[PDB]
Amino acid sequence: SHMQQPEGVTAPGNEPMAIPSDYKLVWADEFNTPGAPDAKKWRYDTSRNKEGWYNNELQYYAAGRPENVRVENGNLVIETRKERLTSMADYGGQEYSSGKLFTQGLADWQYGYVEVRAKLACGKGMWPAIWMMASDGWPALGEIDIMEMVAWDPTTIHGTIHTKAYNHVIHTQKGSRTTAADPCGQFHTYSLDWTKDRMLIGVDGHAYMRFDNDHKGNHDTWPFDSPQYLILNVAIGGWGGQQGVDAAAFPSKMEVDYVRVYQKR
């Protein structure tokens, strides 16, 4: 797998990453309170349930539904299921349910070190992601994909950014990829180090992706001087379904041990 980068990477990184010495934890969820996610930290995204999600995706994102989003045994669980939730008011005809949480309108950050420790969702069809979008159109406002994986190639981790100049609508996105051991069976830490000068995206303290601010003051190539909010989801189909959907793979879970955000303060 590759995010339209068949014969190389467009934003190569190869350097260590770690929480900077002058940073402090400014936000966390440790997911140690069973039941629904803390509503002071997380909202459900239902914005396109009735309209249809993007990317040829197949899922309906259920809100307030423990079968799809629950805190359990020290993790956030986002679970995909093969089912039609036809009596939801915003039902959109989908054959699958999943979860999509975000901090939009509750918590956002400009610059910082973001660490998300997770075990991913497997089974052909699955497309787990950990990513960010600007609080204040798209893609000009900036998108930061800290972690994507597509479960037809479940050991490949993808790290990508999108801007007006560099984005998947015109196939000019800046990204890289790496290999992680059994990501659906063991935890890894997926990390972003975002400063005014560059972003690093990594796994387990190794940056495999680097995107520099070109310092031209062009918002089209660097929109990332404004706050972003965090997003956790498991999509179904689209890129995740490039080799089909495995009916037998459902239900499939992503387990998030924690989200930690650090900043200079």
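Numbers for residues come from their place in the sequence shown, where the first is 1.
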Quick one: higher average CA temperature factor, 209-217 or 58-66? 209-217
The stretch whose C-alpha atoms carry the larger average B-factor in the entry, 228-236 or 46-54, is 46-54
For the listed residues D193, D145, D182, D90, which one has the largest C-alpha B-factor as given in the deposited model? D90
Most elevated Cα B-factor in the entry, residues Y111, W152, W138, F102: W138
Taking the chain's C-alpha temperature factors as the reference, tell me which third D204 falls into: lowest, middle or highest. middle
Assert third(CA B-factor, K124) within chain per record equals middle
Going by the entry, which third of its chain does the Cα temperature factor of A249 land in? highest
Of the three thirds of Cα B-factor ranks in this chain, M17 occupies the highest
Where does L85 sit by CA temperature factor within its chain: lowest, middle or highest third? highest
